[PDB]
């Protein structure tokens, strides 16, 4: 029965991927509140029953969209830091700040992660997502700066958690601004002062 089981699993996975892809596209453009699951099923080319089979409700589909978008946010940030030509751990942290403002400025990321997710997931769910995706990259950037003597030896997690709070509030300030270009410049300038006050190099 293994070909039959694997075939049904692969078909389920393809349906799931089409639904997430469709939902990510339409909610990214219009917002969660403005696109219903029937339109998303049509976009994905699946029936309502195929959708019900994969997702209990609209919010369950949104939770899976956030996972895929967060995975792409962190991969894009890692690509931009890798391509930055950062010569030291301190330069990699500055590159990571620039990458966060760039990727969180993507209109789809702004809409799904910064505007919809805190409301649709609620506080606990949104903070659990932010945490699962932010902590590893932040702790490793700190660890490498300590190892190079560019940051004081200290417990990594308390510093990581405070910086994640500062960086996520910076992104939210820009996302909710009516003049986001000015907000992004002003916020970039605050984070430059905060990071450059911390880093020894």
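Numbering follows the first chain given and starts at 1. What we label the rigid core is the largest C-alpha set whose atoms superpose within 1.5 Å from one form to the other.
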{"item": "Farther-lying stretch by C-alpha RMS in 9 other deposited structures of this protein, rigid core as reference, of 126 to 134 and 111 to 119", "value": "126 to 134"}
{"item": "45 to 53 versus 65 to 73 - greater average Cα B-factor per the deposited record", "value": "45 to 53"}
{"item": "Between the two ranges 133 to 141 and 149 to 157, the one averaging a larger CA B factor in the entry", "value": "149 to 157"}
{"item": "Residue, from 109, 101, 117, 86, that the PDB entry assigns the highest Cα B-factor", "value": "86"}
{"item": "Cα B factor band for residue 162 (lowest, middle or highest third within the chain)", "value": "lowest"}
{"item": "Assigned third (lowest, middle, highest) for the C-alpha B factor of residue 26", "value": "middle"}
{"item": "Chain third (lowest, middle, highest) by recorded CA B-factor, residue given as residue 11", "value": "highest"}
